[PDB]
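[1] coords below, sequence missing:
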Ligand SMILES: [Zn+2]
């Protein structure tokens, strides 16, 4: 449709491309718009800055919220904090004044402003953490606080949570980029993988399959496969299942089971619980699709998972009892 | 073929052709051919009535001097094969004057002279040398070297002709297809590069059968195991070649057998998306 004015048609196209998981295509389309159109309106310029900071396009060079966020990210990448803090303060002031100038009267309008201020606060916390040094305990406490707050955001809409997850992913990528080779790098990589899988479930619960696929792609880019498959293989299998690719997900999960049951050796209780979860998921998938009679699949998967969970329940941890109850 | 090439405008080719007619037609083989051929009702009788060693072959540069010199390459191959003592038949020895000026004759008689030489081979003396030279030629072609398609298509025609030759010893068609000690994966990839999908698939099946037989005799084996073994030893994955053959051939349901819909590699996913016309997810996959 070309009858829609270009003032909002371009914004709608860019938003649809963002929600479709297309980043490089969006960047090239925006470059084409820059080539064909010289002047930039505030809305399209704000979308340009949003795409620049979201896609880590550092090559591209009052200010909008996305412009301030991109400037703060660039300053953080350059080990500059004064301009970073000033930009965050200016963004906070601009957002507050813009929010309070209108007539309000609607709760739903507060959600975007709250999400933007939460993103600014998270960036402030990251800057405070990265001001002088990074330690394992600080990263662990930051991650557990983020997970707790995300639990407080379970009932929130995905539209108000997607920018938060994107900013967290960008922050973790920046920390990975500027981390010296040590065990701290491994800890940050594990935290990044856990954040990506949490984002994968978060987007899967909202009928979205492109963002989980991008998260799995990033995990594959950073993490590497080995003899012992981690939980991100199971997350990839679930994502492929959500994409109506039942055969591929079943094959991947069967390969995971074949790898786990032959080289388990009780190496880690986390491996045991993820094996139980994989067995339960495979049993549920076979029950739903009915590719085999229940008699063999039940004994192969469900009872195996039950006995695996029950044979090593000496710790009585929550992460084990919840899995046992689910099985 | 001599009669067909006798009626061209060029004079050197027809002079060479008539000299060949006078040469072969004057031998006992020509007399026997006339005796057998007199019974048929063919005007060719009226047309032809008035007309009644290893040291020179081992050279890496001789086999692949292919820099816009395909004609020179086939000509020098034919000359080096005819001047050696491998050739025995008079008709397979006196063709030198005419094949030197005709390009297509070299291509159409190279398999014939190869078969004639291998017929008289003893203790596989010529067999091993020819197999090694042909394998080296195929490896040179597979190099990243930018050779013109005429050489590969001529070699494919030669291999196809040799596959149909009956082995003098007792054997089956499987032994017939192995006239030379070769692995057919490289030849299959070459045929794929020449859009010869059927021959490439047949050669891939032959190579898989050979590998299975070798494993069975070694012991006295899924598609993934064969693909990884080929990647480790040869350097070319058989599964990808089979998928490409099954896609480019246009067969409705053939890519799924090689791993379609069950392979984690992005390439197979893209091929399945294109095949199933799932363009919406395909674009996301290419961008991602
Ligand atoms: Zn080349």
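    Good, I have the coordinates. Numbers count the residues shown, from 1 in each chain, chains lettered A, B, ... in the order given.

[2] how about the single nearest residue of chain A relative to the ion, what does it touch?
    Nearest residue of chain A to the ion (CB to the ion) works out as residue A:24 at 30.8 Å. The C-beta positions use only the backbone N, C-alpha and C, and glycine is treated the same way. The neighbours of residue A:24, taking CB atoms under 8 Å, 6 or more residues apart in numbering or on different chains as the test, are A:55, B:287.

[3] Helices along the stretch 51-200 of chain B, start to end?
    Secondary structure of the stretch 51-200 of chain B, counting by DSSP state H, counting those that start in this stretch: helices at B:60-63, B:70-83, B:96-99, B:103-119, B:125-142, B:149-163, B:173-176, B:184-193, B:197-219.

[4] Check the stretch 101-250 of chain A too.
    With DSSP H, counting those that start in this stretch as the criterion, the stretch 101-250 of chain A has helices spanning A:110-129, A:136-152, A:158-177, A:183-204, A:210-222, A:231-242, A:246-262.

[5] any chance of those in CSV, plus mean neighbour count and distance to residue B:245?
    Shown next, in CSV, are the helices of the stretch 101-250 of chain A (neighbours: other CB atoms under 10 Å in any protein chain shown; distance: least, CB to CB, whole Å):
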stretch, mean neighbour count, distance to residue B:245
helix A:110-129, 17, 51
helix A:136-152, 13, 49
helix A:158-177, 18, 40
helix A:183-204, 18, 36
helix A:210-222, 20, 28
helix A:231-242, 22, 26
helix A:246-262, 17, 22
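
[6] Show the contacting residues for the closest residue to residue A:267 other than its chain neighbours.
    Of all residues not flanking residue A:267 in the chain, residue A:228 sits nearest, at 6.6 Å (CB to CB, 6 or more residues apart in numbering or on different chains). Neighbour list for residue A:228: A:259, A:260, A:263, A:267, A:268, A:271 [criterion: CB under 8 Å, 6+ apart].

[7] what two of those are the furthest from one another?
    The distance between the two most remote of the contacts of residue A:228 (CB to CB) is 14.3 Å, for A:259 and A:268.

[8] mind listing what residue A:5 touches?
    Applying CB under 8 Å, 6+ apart, no residues contact residue A:5.

[9] how close does it sit to chain B?
    Relative to chain B, residue A:5 is positioned 27 Å away (CB to the nearest CB, to the nearest Å).

[10] cool, residue A:33 as well?
    Distance from residue A:33 to chain B, by CB to the nearest CB: 18 Å.

[11] Buried residues in whichever strand or helix holds that residue, which are they?
    Secondary structure from DSSP states H and E places residue A:33 in helix A:24-36. Buried positions in helix A:24-36, judged by neighbour count with 16 or more other CB atoms under 10 Å in any protein chain shown: A:26, A:27, A:29, A:30, A:33.

[12] Contact partners for residue B:51?
    By CB under 8 Å, 6+ apart, the neighbours of residue B:51 are B:18, B:21, B:22, B:25.

[13] Including distance to residue A:170, neighbour count and secondary structure, could these go into TSV?
    Formatted as TSV, the contacts of residue B:51 follow (distance: CB to CB, whole Å; neighbours: other CB atoms under 10 Å in any protein chain shown; DSSP: H, G, I helix; E, B strand; the rest coil):
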residue	distance to residue A:170	neighbour count	secondary structure
B:18	83	14	helix
B:21	83	20	helix
B:22	87	12	helix
B:25	86	16	coil
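
[14] Dump the residues you listed into CSV; add distance to chain A as well.
    Shown next, in CSV, are the contacts of residue B:51 (distance: CB to the nearest CB, whole Å):
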residue, distance to chain A
B:18, 68
B:21, 66
B:22, 70
B:25, 68
